[PDB]
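First the structure, in the form of structure tokens, and then the observations on it.
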Amino acid sequence: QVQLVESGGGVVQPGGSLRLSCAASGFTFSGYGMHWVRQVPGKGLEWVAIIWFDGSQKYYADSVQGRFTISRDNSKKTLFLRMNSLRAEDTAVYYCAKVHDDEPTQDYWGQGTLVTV
Amino acid sequence: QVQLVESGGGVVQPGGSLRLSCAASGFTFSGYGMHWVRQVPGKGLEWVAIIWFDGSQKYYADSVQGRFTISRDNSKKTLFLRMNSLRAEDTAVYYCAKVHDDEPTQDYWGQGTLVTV
Amino acid sequence: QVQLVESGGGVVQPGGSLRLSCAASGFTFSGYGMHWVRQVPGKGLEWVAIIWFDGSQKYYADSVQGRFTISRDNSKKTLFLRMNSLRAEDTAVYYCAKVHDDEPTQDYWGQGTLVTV
Amino acid sequence: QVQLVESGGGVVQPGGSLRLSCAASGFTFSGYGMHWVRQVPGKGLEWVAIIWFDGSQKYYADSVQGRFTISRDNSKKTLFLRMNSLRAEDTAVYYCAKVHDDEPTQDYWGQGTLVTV
Amino acid sequence: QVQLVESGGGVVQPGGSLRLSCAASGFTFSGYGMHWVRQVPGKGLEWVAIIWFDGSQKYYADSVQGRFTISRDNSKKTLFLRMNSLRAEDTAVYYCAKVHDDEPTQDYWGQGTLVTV
Amino acid sequence: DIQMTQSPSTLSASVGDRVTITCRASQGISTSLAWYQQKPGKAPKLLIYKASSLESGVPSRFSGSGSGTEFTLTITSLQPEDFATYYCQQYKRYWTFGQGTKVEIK
Amino acid sequence: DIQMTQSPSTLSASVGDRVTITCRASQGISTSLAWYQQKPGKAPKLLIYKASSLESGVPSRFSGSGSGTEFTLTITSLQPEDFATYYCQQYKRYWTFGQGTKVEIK
Amino acid sequence: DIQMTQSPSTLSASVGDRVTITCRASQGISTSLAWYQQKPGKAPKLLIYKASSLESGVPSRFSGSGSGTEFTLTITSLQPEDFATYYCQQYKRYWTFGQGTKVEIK
Amino acid sequence: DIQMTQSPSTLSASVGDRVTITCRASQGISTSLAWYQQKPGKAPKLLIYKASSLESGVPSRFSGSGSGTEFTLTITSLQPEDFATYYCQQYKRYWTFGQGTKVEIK
Amino acid sequence: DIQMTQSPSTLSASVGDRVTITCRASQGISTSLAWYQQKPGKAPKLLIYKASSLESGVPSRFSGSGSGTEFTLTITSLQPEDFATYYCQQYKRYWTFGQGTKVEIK
Amino acid sequence: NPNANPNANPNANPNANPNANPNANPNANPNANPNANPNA
């Protein structure tokens, strides 16, 4: 019954900022890591960010380094990703994703929002 | 495909200061370690400095301890090396290098820059 | 080829202070731990002090606790050992030493200096 | 040849304060943790306190929490135990102790002083 | 022989204040964490608050957040819970609880008091 | 928080019988769920921790097992002193207790 | 970083058939390669992990194997609800997905 | 905390006799239990650590074994200067000593 | 630090000939030794790492083996695009490169 | 700390014989014991580490073995440049050097 | 973590350790490791 939802999408002018959110339930949110995988329509997906289960450390892909901030709020079972200095090529359908228990893959994806520039 | 280039070369008087730069692309620069390997023409190579991927710790060869400062800037995927009190024996070709994935060797070398005294 | 020398020896009145130095060369002094081992003439050896490679930690033998100060200078490749309140028992030959790469023993000994009270 | 001696014993009225000591010799006192263990004559012993080798950490038994103070002095190779507001039930033989090398037990006990109320 | 007793129960007007206490004995209370678990009679239990062994950390349930204060006094082996702005739904049998050694579960419960509004 | 459910809420059995209690919850744990006992008017006492291990003083008749979201308590050779309300608990998140099941005389 | 390649990028097959999807990579892995399924407009869901083990709820028809730089995903007895765009993934370094192969009804 | 128990509290034995001393605890440890000796009016000295290994200078006659909550001390062919009070200890939690057992001449 | 030695410092061979380069070190490593290549004026590129495994993209002609203080690089069926100076490296301590062995046409 | 003992304290032997030196310690080590050499008036230089491994430059004549509380150093075919004093060391705790055995010409 | 172990640990080793390796380690793996198990 692991379910995820995403919000905060829409259209933002280039150079603007937008803050996504990923509500969680059906799994121990504080006991799992989080991913943000985005898919350009008609293309393959590209990894963007990962945050550890406790939120201690965090990584990004080279294309988003220095502009994206991924943070966790374990109390509200909520995942965030703050995009600053948005640019045109980032227009894609972002997805929330959970870490698998055994091997650090992504098992179940949320429906995700669509963001344009 | 990983591309490394170096700049800031030329000639400087002994005892002066000169700052190099190594732009990188095609790989996750924020997640790999850097090196500076120099080669006196007609001679073998000698290692100079290494900086960890996050930029916390950093080391040097004994002949360059205290005079060279190796630094990163993950935002623009750029590696730096601040040379102070340059001496005649330091005239050589300086190479940018990336740490390998599994074993901490050097895999891909940039074409290098010319520094003379 | 590793070469170690010691200076600052001689004679001193009991209760005085003396400062030894151990110049090093031929190895990466900035990346190795140091020691001071003494030998009373005609007797066996006894350890005195150790300092970590970066100088964060430092220890002493119980017979010299609180009276000896061991310090480094990575830039000048020089060891130091500050002696305070010297007693007539301390008269012995003082040796410099380098930590082995793998196992924290002493590998190469400098020729050492002679101090008397 | 681990020799431990204790002093400061004797008699004191209830509600007073008394100050013990434990001189140590034959081992590197500055590099070992200490203890205090007491035995009521005709009964078994009960733990009282522990002090880390550097002095950062220190614990106490529930019956002595907040009333007893344990302190060290590495330079003088001396242990201490400050007791305040001493009560009648605390009459027992007070032992000094040394932490073992491998497993954090107590290995060599000094002869200890006798305290009454 | 873990002995836990609770007091301070009785009847209070709605919106009033009451202050609970939990004396402890038979274990090292100075180093163990404490719990408060309440039981509406005829129903199940619901956890209220947790206080760390040193008293630095403390949590509460959402229904009691911002109204209940949990505190410790390690000197006299006593656990408190300051109760503010009581309401009719808060009437239940309150239990003192002891943290297990291995996992942060609850082992030994005191007889508890009945608080009525 | 974690939602805890037990079934059946009431069971009837005689002495010397063999009884199970099912503890079902969301928020998959597989490791950390407890078992308890509460005589009427008495404080609860721990019976099984780590869902597989007994607390000292608990006889060998009590046994628990399970993983994922399916957890059960096994009681063999039922004895008169065991007739109470066995509760349920977990720790993987903020602690929450079950509704409670009571074993009666048949 | 690792780079991933898929072939064929478009495949045609009917119901009850048997197909393969080849996933080739650089910087040989042999362990840490996934598979996936994304219905048109639906969020992707895991299909095979560690390249040999199925995920819970996945039918036994799907089979994966491979090592080194060569991996395959084999579907036997193709059914209508399996017609989607299967992707590929690796974990030895930063995760980089493949281009995507589509199965289109013959 | 851990509570410690010994038995027998007092035992009578002759010179050269072989006796065992039982050390029973709660909250099974199986590794961190000691064995001690205290001459009348003398400070105690360590005898066995890790419940299986002898301290330096301890003769080979002394032997210890046990796991869980059950432990024993095995002394063989008793000597006259071994007649003292053997205490017991644990280290998993705050250190707690036993009650004390005495070996006496018969 | 480790000091590195190479032999021969200059070697000559024709096209299709098979050559060997010996890399002897002090303070035996047995694992961490590389091999390099540097055509005149171009940046060096890695050829063998862990002294037994080829870097991706190099042909199977290159071969490395050895342990202790002695290591070798064997090139079979030498081809005209391999006439360059092969270096040597180690990692157990600070990286110090060899002196350089150059292959010449004969 | 540890305390170190070697025997015999003085040994006499000609050129070309075999000499063994026994180094005994308290608080059994079995791993971390050295062997040394000090020519009269010269700084001592390492000979054996881990009691079985030779330092680089030391000929194969020197051999060491032992574990527990006893260790030995075996010199085969004693040579004129070997007539010196061999010390002993350990590294489990604070380093303490033994008394020193001197080898004399017979 | 509200359910983090809240117990004190007085049984930790209280001895000094001067015998740890005092050598610098410059050839430790300097790559980032985002592939470590990020679960609990």
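Letters A, B, ... mark the chains of the structure tokens in the order given; residue numbers begin at 1 per chain; ligand numbers begin at 1, in order shown.
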
Residue 68 of chain F environment, 12 Å, only C-alpha atoms, sequence neighbours closer than 4 positions dropped, as a list in words: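 My list of contacting residues is residues 27 of chain A; 23, 24, 25, 26, 27, 28, 29, 30, 31, 32, 33, 51 and 72 of chain F.
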
Okay, now the selection with C-alpha atoms, as a PDB file, in the first residue's frame?
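Result written to selection.pdb:
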```
ATOM      1  CA  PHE A  27       5.914   2.867   4.280  1.00  0.00           C
TER       2      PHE A  27
ATOM      3  CA  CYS F  23      -1.272  -8.804  15.282  1.00  0.00           C
ATOM      4  CA  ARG F  24      -1.724  -7.069  11.920  1.00  0.00           C
ATOM      5  CA  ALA F  25      -0.405  -3.595  11.128  1.00  0.00           C
ATOM      6  CA  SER F  26       0.486  -1.364   8.223  1.00  0.00           C
ATOM      7  CA  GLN F  27       3.892   0.306   7.872  1.00  0.00           C
ATOM      8  CA  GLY F  28       5.907  -2.873   7.324  1.00  0.00           C
ATOM      9  CA  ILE F  29       8.423  -3.549  10.101  1.00  0.00           C
ATOM     10  CA  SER F  30       9.506  -7.236  10.124  1.00  0.00           C
ATOM     11  CA  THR F  31      11.737  -6.643  13.152  1.00  0.00           C
ATOM     12  CA  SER F  32      10.290  -4.692  16.067  1.00  0.00           C
ATOM     13  CA  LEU F  33       6.915  -5.663  17.529  1.00  0.00           C
ATOM     14  CA  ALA F  51       8.884 -10.430  18.288  1.00  0.00           C
ATOM     15  CA  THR F  72       1.449 -13.722  15.714  1.00  0.00           C
TER      16      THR F  72
END
```

Residue 76 of chain F surroundings by only C-alpha atoms, 6 Å radius, close-in-sequence under 2 positions cut, as a list in words: residues 18, 61 and 78 of chain F

Would you save the residues of that selection, restricted to N, CA and C atoms, as a PDB file, in the first residue's frame?
```pdb
ATOM      1  N   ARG F  18      -4.277 -24.622  23.333  1.00  0.00           N
ATOM      2  CA  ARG F  18      -3.262 -24.003  22.493  1.00  0.00           C
ATOM      3  C   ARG F  18      -3.907 -22.861  21.721  1.00  0.00           C
ATOM      4  N   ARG F  61       6.550 -21.435  27.457  1.00  0.00           N
ATOM      5  CA  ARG F  61       5.278 -21.656  26.779  1.00  0.00           C
ATOM      6  C   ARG F  61       4.942 -20.544  25.793  1.00  0.00           C
ATOM      7  N   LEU F  78      -1.887 -23.832  27.793  1.00  0.00           N
ATOM      8  CA  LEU F  78      -2.452 -22.668  28.462  1.00  0.00           C
ATOM      9  C   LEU F  78      -2.670 -22.958  29.943  1.00  0.00           C
TER      10      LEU F  78
END
```

Can you list, as a compact mmCIF listing (two decimals) with N, CA, C and O atoms, in the first residue's frame, every residue of chain B that DSSP puts in strand (DSSP E)?
```
# COMPACT_ATOMS: atom_id res chain seq x y z
N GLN B 3 36.09 15.25 -20.91
CA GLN B 3 36.98 16.26 -21.47
C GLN B 3 37.57 17.10 -20.34
O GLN B 3 36.84 17.61 -19.49
N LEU B 4 38.89 17.24 -20.34
CA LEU B 4 39.60 18.07 -19.38
C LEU B 4 40.51 19.03 -20.13
O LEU B 4 41.24 18.61 -21.04
N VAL B 5 40.47 20.30 -19.75
CA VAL B 5 41.31 21.33 -20.35
C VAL B 5 41.98 22.12 -19.23
O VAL B 5 41.44 22.21 -18.13
N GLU B 6 43.15 22.67 -19.52
CA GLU B 6 43.90 23.47 -18.57
C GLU B 6 44.20 24.84 -19.17
O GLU B 6 44.33 24.98 -20.39
N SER B 7 44.31 25.84 -18.30
CA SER B 7 44.65 27.20 -18.73
C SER B 7 45.59 27.85 -17.73
O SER B 7 46.14 27.18 -16.85
N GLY B 10 51.96 30.01 -19.18
CA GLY B 10 52.81 31.12 -19.55
C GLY B 10 54.12 31.07 -18.79
O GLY B 10 54.58 30.01 -18.36
N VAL B 11 54.73 32.24 -18.63
CA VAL B 11 56.01 32.38 -17.95
C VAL B 11 55.87 33.43 -16.85
O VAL B 11 55.28 34.50 -17.07
N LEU B 18 51.25 32.33 -9.48
CA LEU B 18 50.50 32.00 -10.67
C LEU B 18 49.41 31.01 -10.30
O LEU B 18 49.63 30.14 -9.45
N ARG B 19 48.24 31.14 -10.91
CA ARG B 19 47.08 30.34 -10.56
C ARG B 19 46.58 29.60 -11.80
O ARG B 19 46.29 30.23 -12.83
N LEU B 20 46.47 28.28 -11.70
CA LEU B 20 45.98 27.45 -12.79
C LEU B 20 44.50 27.15 -12.62
O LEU B 20 43.90 27.43 -11.58
N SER B 21 43.91 26.58 -13.66
CA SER B 21 42.50 26.20 -13.65
C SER B 21 42.29 25.03 -14.60
O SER B 21 42.94 24.94 -15.65
N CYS B 22 41.38 24.14 -14.23
CA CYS B 22 41.09 22.92 -15.00
C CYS B 22 39.57 22.73 -15.05
O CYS B 22 38.96 22.22 -14.10
N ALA B 23 38.97 23.15 -16.15
CA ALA B 23 37.55 22.89 -16.37
C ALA B 23 37.34 21.46 -16.84
O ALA B 23 38.11 20.93 -17.65
N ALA B 24 36.29 20.83 -16.33
CA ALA B 24 35.98 19.44 -16.64
C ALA B 24 34.54 19.33 -17.11
O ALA B 24 33.68 20.15 -16.78
N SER B 25 34.27 18.28 -17.90
CA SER B 25 32.93 18.04 -18.43
C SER B 25 32.79 16.59 -18.87
O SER B 25 33.79 15.90 -19.11
N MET B 34 40.45 14.81 -7.68
CA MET B 34 41.29 15.49 -8.65
C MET B 34 42.76 15.25 -8.35
O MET B 34 43.13 14.77 -7.28
N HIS B 35 43.61 15.58 -9.33
CA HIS B 35 45.05 15.47 -9.19
C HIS B 35 45.73 16.55 -10.02
O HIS B 35 45.13 17.14 -10.92
N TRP B 36 47.00 16.79 -9.71
CA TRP B 36 47.90 17.55 -10.55
C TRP B 36 49.20 16.77 -10.70
O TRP B 36 49.94 16.60 -9.73
N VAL B 37 49.45 16.28 -11.91
CA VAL B 37 50.67 15.54 -12.22
C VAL B 37 51.50 16.37 -13.18
O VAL B 37 51.00 16.79 -14.23
N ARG B 38 52.76 16.60 -12.83
CA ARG B 38 53.63 17.43 -13.65
C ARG B 38 54.75 16.59 -14.24
O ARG B 38 55.19 15.60 -13.65
N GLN B 39 55.20 17.00 -15.42
CA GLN B 39 56.24 16.30 -16.16
C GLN B 39 57.26 17.31 -16.66
O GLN B 39 56.94 18.15 -17.50
N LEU B 45 57.35 11.50 -14.81
CA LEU B 45 56.32 12.27 -14.13
C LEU B 45 56.59 12.27 -12.63
O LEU B 45 57.25 11.38 -12.08
N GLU B 46 56.06 13.29 -11.96
CA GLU B 46 56.08 13.37 -10.51
C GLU B 46 54.76 13.96 -10.03
O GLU B 46 54.30 14.99 -10.52
N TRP B 47 54.15 13.28 -9.06
CA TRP B 47 52.87 13.71 -8.52
C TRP B 47 53.05 14.97 -7.69
O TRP B 47 54.12 15.20 -7.10
N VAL B 48 52.01 15.80 -7.64
CA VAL B 48 52.06 17.08 -6.94
C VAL B 48 51.04 17.15 -5.82
O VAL B 48 51.40 17.33 -4.65
N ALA B 49 49.75 17.02 -6.14
CA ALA B 49 48.72 17.22 -5.13
C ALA B 49 47.50 16.38 -5.45
O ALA B 49 47.28 15.97 -6.59
N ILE B 50 46.70 16.14 -4.41
CA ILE B 50 45.41 15.47 -4.53
C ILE B 50 44.43 16.14 -3.57
O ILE B 50 44.81 16.54 -2.47
N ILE B 51 43.18 16.28 -4.00
CA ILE B 51 42.11 16.81 -3.16
C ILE B 51 40.93 15.86 -3.24
O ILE B 51 40.60 15.35 -4.32
N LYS B 58 43.29 17.37 1.79
CA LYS B 58 44.14 17.59 0.63
C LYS B 58 45.60 17.33 0.98
O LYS B 58 46.03 17.62 2.11
N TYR B 59 46.37 16.80 0.04
CA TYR B 59 47.76 16.42 0.28
C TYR B 59 48.65 17.01 -0.80
O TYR B 59 48.19 17.58 -1.79
N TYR B 60 49.96 16.86 -0.60
CA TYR B 60 50.95 17.38 -1.53
C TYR B 60 52.19 16.49 -1.49
O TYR B 60 52.39 15.71 -0.56
N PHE B 68 52.13 25.28 -2.50
CA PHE B 68 51.03 25.06 -3.44
C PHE B 68 49.73 24.90 -2.67
O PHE B 68 49.69 24.29 -1.61
N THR B 69 48.66 25.48 -3.22
CA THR B 69 47.32 25.35 -2.67
C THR B 69 46.39 24.80 -3.74
O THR B 69 46.18 25.45 -4.77
N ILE B 70 45.84 23.62 -3.50
CA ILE B 70 44.94 22.96 -4.44
C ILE B 70 43.52 23.10 -3.92
O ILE B 70 43.24 22.79 -2.75
N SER B 71 42.62 23.58 -4.77
CA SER B 71 41.26 23.87 -4.35
C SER B 71 40.29 23.52 -5.47
O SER B 71 40.66 23.46 -6.64
N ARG B 72 39.04 23.28 -5.08
CA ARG B 72 37.97 22.96 -6.01
C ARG B 72 36.87 24.00 -5.91
O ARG B 72 36.86 24.85 -5.01
N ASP B 73 35.93 23.93 -6.85
CA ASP B 73 34.71 24.72 -6.81
C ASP B 73 33.68 23.90 -7.58
O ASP B 73 33.68 23.91 -8.82
N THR B 78 35.09 23.14 -11.74
CA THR B 78 36.41 23.68 -12.02
C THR B 78 37.38 23.29 -10.91
O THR B 78 37.03 23.33 -9.73
N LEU B 79 38.59 22.90 -11.30
CA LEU B 79 39.68 22.61 -10.38
C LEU B 79 40.73 23.70 -10.46
O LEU B 79 41.06 24.18 -11.56
N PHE B 80 41.26 24.10 -9.31
CA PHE B 80 42.25 25.17 -9.24
C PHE B 80 43.52 24.67 -8.56
O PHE B 80 43.53 23.61 -7.93
N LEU B 81 44.59 25.45 -8.69
CA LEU B 81 45.86 25.18 -8.04
C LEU B 81 46.62 26.49 -7.93
O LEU B 81 47.14 27.00 -8.93
N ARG B 82 46.68 27.03 -6.72
CA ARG B 82 47.30 28.33 -6.47
C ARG B 82 48.77 28.13 -6.14
O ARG B 82 49.11 27.62 -5.07
N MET B 83 49.63 28.55 -7.07
CA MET B 83 51.07 28.38 -6.97
C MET B 83 51.65 29.65 -6.35
O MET B 83 51.37 30.75 -6.83
N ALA B 92 57.76 22.89 -15.77
CA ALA B 92 57.33 21.61 -16.31
C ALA B 92 55.92 21.78 -16.87
O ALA B 92 55.29 22.83 -16.74
N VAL B 93 55.43 20.71 -17.50
CA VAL B 93 54.07 20.67 -18.02
C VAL B 93 53.17 20.07 -16.95
O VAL B 93 53.42 18.96 -16.46
N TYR B 94 52.12 20.80 -16.58
CA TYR B 94 51.23 20.39 -15.51
C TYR B 94 49.94 19.82 -16.08
O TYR B 94 49.29 20.45 -16.92
N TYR B 95 49.56 18.63 -15.61
CA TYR B 95 48.45 17.88 -16.17
C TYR B 95 47.30 17.84 -15.18
O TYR B 95 47.52 17.69 -13.97
N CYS B 96 46.08 17.98 -15.68
CA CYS B 96 44.90 17.70 -14.87
C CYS B 96 44.55 16.22 -14.99
O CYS B 96 44.75 15.59 -16.04
N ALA B 97 44.03 15.65 -13.91
CA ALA B 97 43.78 14.22 -13.88
C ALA B 97 42.58 13.92 -13.00
O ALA B 97 42.28 14.66 -12.06
N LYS B 98 41.90 12.82 -13.30
CA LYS B 98 40.72 12.37 -12.57
C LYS B 98 41.01 11.03 -11.90
O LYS B 98 41.71 10.18 -12.46
N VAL B 99 40.49 10.86 -10.69
CA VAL B 99 40.63 9.60 -9.97
C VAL B 99 39.75 8.55 -10.64
O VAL B 99 38.65 8.84 -11.11
N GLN B 106 44.88 7.21 -11.64
CA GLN B 106 44.49 8.27 -12.55
C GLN B 106 44.19 7.64 -13.90
O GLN B 106 44.97 6.81 -14.39
N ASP B 107 43.06 8.01 -14.51
CA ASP B 107 42.62 7.36 -15.73
C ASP B 107 42.75 8.27 -16.95
O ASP B 107 43.40 7.91 -17.94
N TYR B 108 42.13 9.44 -16.90
CA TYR B 108 42.08 10.35 -18.04
C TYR B 108 42.84 11.62 -17.69
O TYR B 108 42.57 12.25 -16.66
N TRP B 109 43.79 11.99 -18.54
CA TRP B 109 44.63 13.16 -18.34
C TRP B 109 44.26 14.25 -19.33
O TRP B 109 44.08 13.99 -20.52
N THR B 113 49.21 22.17 -19.47
CA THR B 113 49.61 23.54 -19.74
C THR B 113 51.11 23.68 -19.50
O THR B 113 51.73 22.86 -18.82
N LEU B 114 51.68 24.74 -20.06
CA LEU B 114 53.11 25.00 -19.96
C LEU B 114 53.37 26.09 -18.93
O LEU B 114 52.82 27.19 -19.03
N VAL B 115 54.22 25.79 -17.95
CA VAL B 115 54.63 26.75 -16.94
C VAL B 115 56.15 26.78 -16.92
O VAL B 115 56.80 25.74 -16.75
N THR B 116 56.72 27.97 -17.11
CA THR B 116 58.16 28.16 -17.09
C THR B 116 58.52 29.27 -16.13
O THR B 116 57.66 30.05 -15.69
```

Output as a Markdown table one row per residue of chain H within 7 Å of chain K: the closest atom pair and its distance in Å to one decimal place, counting only C-alpha atoms, sorted by chain and residue number ascending.
```
| residue | atom | partner | partner_atom | distance |
| --- | --- | --- | --- | --- |
| H:91 | CA | K:11 | CA | 6.6 |
| H:92 | CA | K:11 | CA | 6.7 |
| H:93 | CA | K:11 | CA | 6.5 |
| H:94 | CA | K:10 | CA | 6.7 |
```

Please produce a file of the residues just selected, as a PDB file, in the first residue's frame, where the atoms kept are C-alpha atoms.
```
ATOM      1  CA  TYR H  91      30.216  -5.801  32.137  1.00  0.00           C
ATOM      2  CA  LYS H  92      27.332  -5.696  29.633  1.00  0.00           C
ATOM      3  CA  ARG H  93      25.692  -2.980  31.741  1.00  0.00           C
ATOM      4  CA  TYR H  94      26.790  -1.072  34.843  1.00  0.00           C
TER       5      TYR H  94
END
```

One-decimal distance in Å that lies between atom CA of residue 37 of chain K and atom CA of residue 2 of chain F: 24.1 Å

Distance-based interface of chain D with chain E, 9 Å, counting only C-alpha atoms, as a ChimeraX atom specification: /D:59-67

Contact residues around residue 19 of chain F with only C-alpha atoms at 9 Å, ignoring same-chain residues under 3 positions, as a PDB file with N, CA and C atoms, in the first residue's frame:
```
ATOM      1  N   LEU F  11     -11.254 -14.228  22.680  1.00  0.00           N
ATOM      2  CA  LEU F  11     -11.126 -15.654  22.421  1.00  0.00           C
ATOM      3  C   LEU F  11     -11.476 -16.432  23.680  1.00  0.00           C
ATOM      4  N   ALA F  13     -11.077 -20.266  25.609  1.00  0.00           N
ATOM      5  CA  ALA F  13     -10.314 -21.505  25.639  1.00  0.00           C
ATOM      6  C   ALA F  13     -10.287 -22.047  27.061  1.00  0.00           C
ATOM      7  N   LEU F  73       1.298 -14.421  18.015  1.00  0.00           N
ATOM      8  CA  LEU F  73       1.744 -14.904  19.314  1.00  0.00           C
ATOM      9  C   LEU F  73       1.217 -16.316  19.515  1.00  0.00           C
ATOM     10  N   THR F  74       2.102 -17.233  19.898  1.00  0.00           N
ATOM     11  CA  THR F  74       1.744 -18.627  20.113  1.00  0.00           C
ATOM     12  C   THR F  74       1.854 -18.951  21.595  1.00  0.00           C
ATOM     13  N   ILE F  75       0.777 -19.487  22.162  1.00  0.00           N
ATOM     14  CA  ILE F  75       0.728 -19.877  23.566  1.00  0.00           C
ATOM     15  C   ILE F  75       0.366 -21.355  23.617  1.00  0.00           C
ATOM     16  N   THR F  76       1.275 -22.169  24.139  1.00  0.00           N
ATOM     17  CA  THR F  76       1.070 -23.603  24.262  1.00  0.00           C
ATOM     18  C   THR F  76       0.915 -23.993  25.728  1.00  0.00           C
ATOM     19  N   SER F  77       0.093 -25.018  25.959  1.00  0.00           N
ATOM     20  CA  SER F  77      -0.209 -25.503  27.306  1.00  0.00           C
ATOM     21  C   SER F  77      -0.730 -24.369  28.183  1.00  0.00           C
ATOM     22  N   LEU F  78      -1.887 -23.832  27.793  1.00  0.00           N
ATOM     23  CA  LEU F  78      -2.452 -22.668  28.462  1.00  0.00           C
ATOM     24  C   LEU F  78      -2.670 -22.958  29.943  1.00  0.00           C
ATOM     25  N   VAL F 103      -8.467 -13.239  26.535  1.00  0.00           N
ATOM     26  CA  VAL F 103      -8.694 -14.680  26.511  1.00  0.00           C
ATOM     27  C   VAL F 103      -9.570 -15.032  27.706  1.00  0.00           C
TER      28      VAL F 103
END
```

Residues near residue 102 of chain G, cut-off 10 Å, only C-alpha atoms, skip fewer than 6 positions along chain, as a ChimeraX atom specification: /G:8-12,21,37-38,83-87

Proximity of chain I to chain B: per-residue shortest pair, 12 Å limit, only C-alpha atoms, as a Markdown table:
```
| residue | atom | partner | partner_atom | distance |
| --- | --- | --- | --- | --- |
| I:1 | CA | B:62 | CA | 10.0 |
| I:3 | CA | B:46 | CA | 11.6 |
| I:4 | CA | B:44 | CA | 11.0 |
| I:5 | CA | B:44 | CA | 11.3 |
| I:6 | CA | B:44 | CA | 11.1 |
| I:9 | CA | B:44 | CA | 11.4 |
| I:31 | CA | B:103 | CA | 10.4 |
| I:32 | CA | B:103 | CA | 8.4 |
| I:33 | CA | B:105 | CA | 9.2 |
| I:34 | CA | B:105 | CA | 8.0 |
| I:35 | CA | B:105 | CA | 10.6 |
| I:36 | CA | B:107 | CA | 9.4 |
| I:37 | CA | B:109 | CA | 11.2 |
| I:38 | CA | B:109 | CA | 10.5 |
| I:39 | CA | B:111 | CA | 11.9 |
| I:40 | CA | B:42 | CA | 10.1 |
| I:41 | CA | B:111 | CA | 8.7 |
| I:42 | CA | B:111 | CA | 6.5 |
| I:43 | CA | B:111 | CA | 5.1 |
| I:44 | CA | B:109 | CA | 6.2 |
| I:45 | CA | B:108 | CA | 5.9 |
| I:46 | CA | B:107 | CA | 5.2 |
| I:47 | CA | B:107 | CA | 8.5 |
| I:48 | CA | B:107 | CA | 9.8 |
| I:49 | CA | B:105 | CA | 7.7 |
| I:50 | CA | B:103 | CA | 7.6 |
| I:51 | CA | B:103 | CA | 11.2 |
| I:53 | CA | B:103 | CA | 11.2 |
| I:54 | CA | B:107 | CA | 11.5 |
| I:55 | CA | B:107 | CA | 8.4 |
| I:56 | CA | B:107 | CA | 10.2 |
| I:57 | CA | B:107 | CA | 11.8 |
| I:85 | CA | B:44 | CA | 9.9 |
| I:86 | CA | B:44 | CA | 10.3 |
| I:87 | CA | B:44 | CA | 7.9 |
| I:88 | CA | B:45 | CA | 9.7 |
| I:89 | CA | B:105 | CA | 8.7 |
| I:90 | CA | B:105 | CA | 8.4 |
| I:91 | CA | B:105 | CA | 7.2 |
| I:92 | CA | B:104 | CA | 10.1 |
| I:93 | CA | B:61 | CA | 11.2 |
| I:94 | CA | B:61 | CA | 7.7 |
| I:95 | CA | B:47 | CA | 6.1 |
| I:96 | CA | B:46 | CA | 6.0 |
| I:97 | CA | B:45 | CA | 5.7 |
| I:98 | CA | B:44 | CA | 6.4 |
| I:99 | CA | B:44 | CA | 4.9 |
| I:100 | CA | B:44 | CA | 6.0 |
| I:101 | CA | B:44 | CA | 9.7 |
| I:102 | CA | B:42 | CA | 11.4 |
```

Contact residues (chain K, partner chain A, 10 Å, only C-alpha atoms) as a PyMOL selection string: chain K and resi 1+32-40

Just to be explicit: take each residue in the selection above, keep C-alpha atoms, and write the result as a PDB file, in the first residue's frame.
```pdb
ATOM      1  CA  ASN K   1      14.731   9.641  15.723  1.00  0.00           C
ATOM      2  CA  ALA K  32      32.185   9.856  -3.821  1.00  0.00           C
ATOM      3  CA  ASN K  33      30.091   6.842  -2.788  1.00  0.00           C
ATOM      4  CA  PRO K  34      26.401   7.616  -3.385  1.00  0.00           C
ATOM      5  CA  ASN K  35      25.758   3.894  -3.935  1.00  0.00           C
ATOM      6  CA  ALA K  36      26.042   2.935  -0.264  1.00  0.00           C
ATOM      7  CA  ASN K  37      22.865   1.452   1.195  1.00  0.00           C
ATOM      8  CA  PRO K  38      20.813   4.558   2.109  1.00  0.00           C
ATOM      9  CA  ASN K  39      18.260   2.658   4.215  1.00  0.00           C
ATOM     10  CA  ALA K  40      18.253   2.112   7.979  1.00  0.00           C
TER      11      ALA K  40
END
```
